[PDB]
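Okay, so here's the structure we're looking at.
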Amino acid sequence: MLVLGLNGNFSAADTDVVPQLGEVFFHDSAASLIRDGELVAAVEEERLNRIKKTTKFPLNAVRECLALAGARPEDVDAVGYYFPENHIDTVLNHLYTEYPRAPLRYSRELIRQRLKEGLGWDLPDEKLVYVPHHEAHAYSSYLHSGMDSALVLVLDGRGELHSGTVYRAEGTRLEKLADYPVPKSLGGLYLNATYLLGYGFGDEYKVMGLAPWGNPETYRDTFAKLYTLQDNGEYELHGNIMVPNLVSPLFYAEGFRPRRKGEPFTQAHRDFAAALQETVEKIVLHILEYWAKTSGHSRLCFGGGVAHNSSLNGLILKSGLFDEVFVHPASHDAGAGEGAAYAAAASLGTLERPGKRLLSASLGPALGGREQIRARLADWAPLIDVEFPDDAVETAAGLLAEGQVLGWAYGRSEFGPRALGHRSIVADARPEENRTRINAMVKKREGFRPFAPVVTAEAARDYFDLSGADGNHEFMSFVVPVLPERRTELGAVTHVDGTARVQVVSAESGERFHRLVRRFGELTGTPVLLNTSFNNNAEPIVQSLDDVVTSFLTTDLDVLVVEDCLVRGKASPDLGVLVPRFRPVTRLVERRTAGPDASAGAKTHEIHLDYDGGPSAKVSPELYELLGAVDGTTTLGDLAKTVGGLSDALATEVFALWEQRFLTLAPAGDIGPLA
Amino acid sequence: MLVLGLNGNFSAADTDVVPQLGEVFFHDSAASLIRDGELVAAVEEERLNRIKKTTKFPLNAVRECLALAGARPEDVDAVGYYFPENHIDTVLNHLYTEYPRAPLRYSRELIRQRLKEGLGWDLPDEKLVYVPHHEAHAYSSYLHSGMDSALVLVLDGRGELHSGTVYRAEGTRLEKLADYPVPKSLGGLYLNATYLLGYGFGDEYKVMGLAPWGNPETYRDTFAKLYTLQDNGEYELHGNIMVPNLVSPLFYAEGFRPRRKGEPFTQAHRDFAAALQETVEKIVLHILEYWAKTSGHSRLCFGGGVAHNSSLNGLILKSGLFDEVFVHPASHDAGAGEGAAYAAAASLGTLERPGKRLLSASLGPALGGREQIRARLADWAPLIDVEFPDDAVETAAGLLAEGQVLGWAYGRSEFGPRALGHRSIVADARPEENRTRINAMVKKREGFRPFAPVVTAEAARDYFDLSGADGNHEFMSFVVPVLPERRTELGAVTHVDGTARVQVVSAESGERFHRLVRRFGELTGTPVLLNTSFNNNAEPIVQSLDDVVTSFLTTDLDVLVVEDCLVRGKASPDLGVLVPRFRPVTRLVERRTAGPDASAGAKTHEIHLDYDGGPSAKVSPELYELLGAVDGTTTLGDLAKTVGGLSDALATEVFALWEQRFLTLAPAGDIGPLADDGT
Ligand SMILES: NC(=O)OP(=O)(O)OC[C@H]1O[C@@H](n2cnc3c(N)ncnc32)[C@H](O)[C@@H]1O
Ligand SMILES: NC(=O)OP(=O)(O)OC[C@H]1O[C@@H](n2cnc3c(N)ncnc32)[C@H](O)[C@@H]1O
Ligand SMILES: [Fe+3]
Ligand SMILES: [Fe+3]
């Protein structure tokens, strides 16, 4: 029994189903593969097309999943899609009314067209199963918990008819207990409010990181006008008729002004964040307090995109409402895609479930075999120096103890948004200055942002307060208190409120990463590391060896540990040997607007990425000419001869575009099919 | 007391307040000027920036209105804006949360900035008055009716808080009797349905033209699921949580297929339009039957954008409910901008009202003085031949009797969407072939709609069943039956159900145009003309002389009558003497997309108009190089020297871009400041 789970929209690599398809129209595309009830492979399409939270059809992810399972398309017994057919088709039909040139292709036709054109796979109609959206979430969250009965709560922005659903799970059967309508959405509430802070879709966890810097009393009575807690686990959100945003009109009337890009986060902004976070904590705990005592369950599985609110989860853990809580590493819609595989399997026969609680999210493609990795690192030789230590883990522990910030890339990539020891950036957790600098210089992000620690399972209760319910900490699902007597020791990873979104690593969840942290603790006395995701501000978590090396070279990391090779940047790297390539969404434009006296204005030149919310940057006339000659095979140095050789100012301009990922720059060739 | 009324959004000429600001965010921008209670000038900004139903700040409209009144900006005593300040600022604030780079500028500061920078006018805060949206509508509709009191109904998409409002008006006082909430919007219902027909905002009038071709029984029971009529003039529209469109989910579930671009209308499409039109009629007559009985009033004024549904108006007229009905020529948001001026006057002092019922919509800028008009037509000489007949009207009527299709441009442009004898295209109303013929001449694809007839007041009741109430017909507000015995005679202007959107012209409403239609009737025996707006498919109604000549030269009209001059195009017009100028929204682009094997891919050259819904067209590498050299003064022929001369192929390419109005092409210089004609 081999079953594919699918989620996302249906756009091709280089175009969208309608032009500029909004970024929230079926986002976080992914593919998962289950075999005999076990999750054998899963990867988000963002890792492969390099578009964060992409809506494009997860073609590459399907291909990578099949290869990891050693399967052909013809081996797949069924395909589950994470929404009902009538809902996604009605939304497609709506887009087609707004875009009268788009042909009327609905989801079944588009899914089959993508699989046939992109994988040579003719999917028969009877093998495609559409699934209620919150049922898909619930299966994914519950079946990986290792529990044999539980309360299951799903809270997201919306499914087809509901923003929240409550289930009883027993054995492999789900029984719906209750639901909450779409206008009561807590995901929608959090996203509406996120927009007041100059942020957008995907930035909610940044708002969450901002909340502890604020005082929730300032705007508590304002948010109190937007919701009412009612008897027996009910609540209401109070909408308005002015604009499609629950939050902005009231806050505007009280004189709150939305933050602008590039402007500081004021104390009013921080206080706004703190009151928002308190509001959805109050509502969710109200829901759970009622359904815990009503359902009788002592164990909770929590899923849906709202379950990535690590602060909320930590509060649930400390609430005393449950004995055990489980949260999946991919509780957003990528996890619903996996749940749609289990639901499709259930619709066609008995359902097989995982045998054990999931401990590792290392489920994506790996980096390659040892031979091809070493060969590809040799292609990068004009840029990097490579060393092959006898014991890379021992060597990396020492570099960390000496204050180096390390890129760390091993085996299969993490499913879901957290880095957990396979595509990580790691540093000494003790100095508070590491937080200041890794925010400012490495990740190039806001100074208020916290950093998450990883601790060995054996030392976890020496540093963190895990009391209350038994939660699963393998995936940084829970914010927990750092013990007061350890807060000054753990300066880089203790948040302003004394908490940490902790990863507890064990020999079973991540043997190699556990050894790294254990050895570091033997050398320093502190078995705790800072662990942030391996990506710059312009990209999702790195996937391939080329992604890893590109990110290392365009961030300010000290050294890269990749499959036991230590990589350092050459003193003077030769950018000239790199072969530029367009991404499928890369565009180059020479533009004139109107000028004075209704003339044609002066020409300007720009590169941009062609998707909703994609970046753009001005380029010089010289680089515009250079980039127009890109062929995918010719090196940057040779291309540059048509404009008088790779200038130092030209190399610098190209390097800035590379850092922003407007194009692909990498040595000729590629690593080949992954061994 | 000189009061300016404003409506629309706040964008400058060349950018929008947020990029690609949606075409529905405070559209049909306009400026109106009232003086001691009289409307002295009004024009929609679309006529001046040439963007249909534009949302941009009506700066040109304000400048033109002040010039017509002989006023400085500093002479204005108050400015009224057609929405409450908190509502428009909350919408702007919402736009600013979606675009975090936009500076936080709200409506008061933006109004003051545009007026300061555009006119040197420092508007004091106390002179700016913000007005309830449906109140602005009601004042404009009622104060121009000539009525001593009336029931006043406003239906549109939405105001700040309602989609419909009912008032009793008396003297200059308005008293609100009822309202209907935003989600019950009939303007919203109609526009939602319009999208299923492959159309968009501003195409509702086309859907209404299509409805008579359809059988309303096909989808009657489907639409019945979307509304319920209730007691006491109430009704409900049944929404859905699937998508922000009331109509598409249920029709999708029943197998309906939204029409695609360039696809012809199926019978299903025709029937859909017919059931939609029936639906809105049933609901509006349900509202009006209750409020006529409850108010006891025998007179109705009807405004808001829904009041441009002239088939509905015609059915209101034929209902037994009222003795008089009045509809303003600009019942859409441009007229709310007017009504905001009245409300501001009532607020900050006493409200003076118009002396008489409005008979003419000739209220925008004129074409110019007789001498600058002849001076300017001389600049066009390499393209046209001009005659100066003794009596242009007499000549025009003869040409019309011979079968010619004329452009007709006189005086001040019409306020509101209908051409009424000042920016019109006129032809014999009798030949049914003229429908297909004239649609081809202006390159429009609305052969399924008949054109609208204009008739003299004296003959009106010889041709049209005006019975029922007394409606005002000076603005084509009512669809009325064409008398059976006259239907085959009026072949170009009679619809498949026997109806027509009639303009009745009188010596009082438009002296010149009345004389023209009268004279034509003396020569032919039929004192009825076809009258359609003077614009091709790519522009609003022409405004200036240059607009008029440009439109004449880019359509296949036989002859142009403009201010007593007879204009015809030369055989072989010399396009090279035209000076190209970018419009503020013109963009010229060379583009590379991604190619196979991750190469830099297909290279293309394009021109487009940078606004939501703006057109675009491919251009050749040679024309790209020529257009990039446009300086606003050098002629097309001289610019073309830099790429080898103006070849027949290049001139053909440019002409097609001219037809689509991607740039301005006209002789060097301009007509100069419009002459103070002494009126
Ligand atoms: N079907 C569907 O809606 O997709 P989905 O399961 O992937 O969840 C997305 C929703 O989670 C909300 N969300 C994401 N992170 C969140 C956070 N830290 N706190 C609250 N809500 C959050 C987000 O704002 C958005 O409303
Ligand atoms: N504030 C505000 O909403 O603007 P507004 O007063 O200018 O009216 C616009 C509304 O009239 C509706 N509308 C326009 N023409 C229409 C027609 N022939 N039939 C029905 N509705 C129409 C149109 O679909 C739109 O919903
Ligand atoms: Fe979801
Ligand atoms: Fe309106």
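Quick reminder, even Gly has a Cβ in these numbers, built from the backbone with ideal geometry, and neighbours come from all protein chains shown. What follows draws every value from the coordinates through simple rules; no lab data is involved.
Quick notes
- Residue pairs whose Cβ atoms lie under 9 Å apart, sitting 6 or more positions apart in sequence or on different chains, and linking a residue in segment B:150-179 that is polar (S, T, N, Q) to a partner that is within 13 Å of ligand 2 (Cβ to nearest atom) and part of a loop (DSSP other than H, G, I, E, B), are B:163/B:156; B:163/B:157; B:163/B:185; B:163/B:304; B:165/B:132; B:165/B:159; B:165/B:304.
- Out of B:23, B:85, B:64, one residue alone is buried (at least 23 other Cβ atoms within 10 Å of the Cβ), of a type in the set (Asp, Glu) and either farther than 17 Å from residue B:330 by Cβ or away from ligand 4 (no atom under 16 Å from the Cβ) (or both). It is B:64.
- Some residue of segment A:21-43 being β-branched (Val, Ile, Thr), over 20 Å from residue A:342 (Cα atoms) and within 13 Å of another protein chain (Cβ to nearest Cβ): yes
- Failed item in (1) within 14 Å of chain B (Cβ to nearest Cβ); (2) under 24 Å from the mean Cα position of the chain (by Cα), with residue A:204 passing the rest: (1)
- Residue in segment B:67-82 that is within 14 Å of chain A (Cβ to nearest Cβ), within 26 Å of the chain's Cα centre (by Cα) and either among the small types (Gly, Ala, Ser) or crowded, with 16+ Cβ neighbours inside 10 Å (or both) present: no
- Top-ranked residue of segment B:221-279 - restricted to ones that are of a type in the set (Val, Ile, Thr) and surrounded by 16 or more Cβ atoms within 10 Å (Cβ to Cβ), ranked as farthest from the other protein chains (Cβ to nearest Cβ): B:279
- When residue A:114 is tested against (1) surrounded by fewer than 24 Cβ atoms within 10 Å (Cβ to Cβ); (2) touching a strand residue (DSSP E or B) at 6+ places or on another chain (Cβ under 7 Å); (3) in a helix (DSSP H, G or I); (4) not small (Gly, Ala, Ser), just one condition goes unmet, and that condition is (2).
- Residues in segment B:496-550 that are more than 25 Å from residue B:432 (Cβ to Cβ) and assigned to a helix (DSSP H, G or I): B:511, B:512, B:514, B:515, B:545, B:546, B:547, B:548, B:549, B:550.
- With respect to (1) in contact (Cβ under 8 Å) with a residue 12 or more places away in the chain; (2) surrounded by fewer than 21 Cβ atoms within 10 Å (Cβ to Cβ), the lone exception for residue A:46 is condition (2).
- Among the criteria (1) among the hydrophobic types (A, V, I, L, M, F, W, C); (2) touching a residue at least 60 places away in the same chain (Cβ under 8 Å); (3) touching a strand residue (DSSP E or B) at 6+ places or on another chain (Cβ under 9 Å), the one residue A:201 does not fulfil is (3).
- Helices (runs of 4 or more DSSP H) lying entirely in segment B:291-409 (those with 2 or more residues that are among the acidic types (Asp, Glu) and more than 20 Å from residue B:509 (Cβ to Cβ)): B:370-379, B:392-402
- Condition check for residue B:636 on (1) over 27 Å from residue B:366 (Cβ atoms); (2) in contact with a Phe, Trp or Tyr (Cβ under 7 Å, 6 or more places away or on another chain): one failure, at (2).
- Filtering B:170, B:98, B:117 for residues that are more than 16 Å from ligand 1 (Cβ to nearest atom) and either within 14 Å of chain A (Cβ to nearest Cβ) or over 28 Å from the mean Cα position of the chain (by Cα) (or both) leaves a single hit, B:170.
- Among the candidates B:314, B:320, B:304, the residue that is away from ligand 3 (no atom under 16 Å from the Cβ), on the phi > 0 side of the Ramachandran plot and in contact (Cβ under 8 Å) with a residue 12 or more places away in the chain is uniquely B:304.
- Condition check for residue B:100 on (1) more than 16 Å from ligand 4 (Cβ to nearest atom); (2) part of a helix (DSSP H, G or I): one failure, at (2).
- Screening segment A:363-375 for residues that are in contact with a strand residue (DSSP E or B) (Cβ under 8 Å, 6 or more places away or on another chain) and surrounded by fewer than 23 Cβ atoms within 10 Å (Cβ to Cβ) and picking the one that is nearest to residue A:307 (Cα to Cα) gives A:365.
- Sole exception among (1) part of a strand (DSSP E or B); (2) away from chain A (no Cβ under 11 Å) for residue B:611, by number: (1)
Rundown of residues vs (1) buried (at least 19 other Cβ atoms within 10 Å of the Cβ); (2) more than 20 Å from the chain's Cα centre (by Cα); (3) in contact (Cβ under 8 Å) with a residue 24 or more places away in the chain; (4) under 30 Å from residue B:465 (Cα atoms), yes/no style:
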residue	(1), (2), (3), (4)
B:515	no, yes, yes, yes
B:546	yes, no, yes, no
B:551	yes, no, yes, no
B:565	yes, yes, yes, no
B:572	no, yes, no, no
B:580	yes, yes, yes, no
B:597	no, yes, no, no
B:601	yes, yes, no, no
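- Of all residues in segment B:173-197 being under 21 Å from the mean Cα position of the chain (by Cα) and away from ligand 4 (no atom under 14 Å from the Cβ), the one that is farthest from the other protein chains (Cβ to nearest Cβ): B:189
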